[PDB]
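Novice: Have a look at this one.
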Amino acid sequence: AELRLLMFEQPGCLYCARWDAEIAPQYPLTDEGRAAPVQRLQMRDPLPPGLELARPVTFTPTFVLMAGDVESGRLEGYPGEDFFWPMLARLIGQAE
């Protein structure tokens, strides 16, 4: 609390589009999705005010788990559905 998942994207990001097609529709309908609602941002834009990351985003897709306005942890990449869910769960688990 309050958890959010920032998804950093950019134009021509095939793996981002893969995430959008595969995970995104399910995401807010799942317990995980509901524990950490997703918010999309562009890698090359300035960050929303107040948001504190541990390091730059240099890879897309990157999913940063935020606890309040501070990065708790992140996942870099989307190797597939079965990789996403349990790695995200580990991040959610460590934020509480």
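Every residue, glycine among them, receives a Cβ derived from its backbone with ideal geometry; neighbour counts consider all protein chains shown. Each reported figure results from applying straightforward, stated rules to the coordinates on display, with no laboratory input.
Novice: Under 5 Å between amide hydrogens, which residues at least 5 positions from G73 or on another chain qualify, with H placed 1.01 Å from N in the peptide plane?
Specialist: So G73 has HN proximity to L65.
Novice: Which of the peptides 60-71, 15-26, 43-54 is most tightly packed, and how do the rest follow, going by the mean number of other Cβ atoms within 10 Å of each residue?
Specialist: On the way: 60-71: 18.9, 15-26: 15.7, 43-54: 11.2.
Averaged packing, sorted descending, gives the order 60-71, 15-26, 43-54.
Novice: Still on this structure: Please list 3J(HN,Hα) in residue order for segment 8-16, calculated via the Karplus relation 6.51 cos²θ - 1.76 cosθ + 1.60 where θ = phi - 60°; whole Hz, with x for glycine and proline.
Specialist: 8, 10, 7, x, x, 7, 3, 5, 4
Novice: I would also like to ask the following. Can you give the FRET efficiency for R44 and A24, using 1/(1 + (r/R0)^6), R0 = 25 Å, r = Cβ-Cβ distance, to the nearest 0.05?
Specialist: That gives a FRET efficiency of 0.75.
Novice: Could you run the Karplus curve 6.51 cos²θ - 1.76 cosθ + 1.60 with θ = phi - 60° over segment 87-93 and give me ³J(HN,Hα) per residue in whole Hz, x for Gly and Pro?
Specialist: 6, 5, 3, 4, 4, 5, x
Novice: Let me ask something additional. Run through the DSSP bridge list for the chain and note the antiparallel percent, rounded to the nearest 5. Could the numbers behind the result be given before it?
Specialist: Details: 12 of 18 bridges.
Antiparallel: roughly 65 percent of the beta bridges in the chain.
Novice: Something else now. Full extension from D82 to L53: what is 0.36 nm times the residue separation minus their Cα-Cα distance, to one decimal in nm?
Specialist: Details: separation 29, 0.36 × 29 = 10.44 nm, distance 2.59 nm.
That works out to 7.8 nm of additional length.
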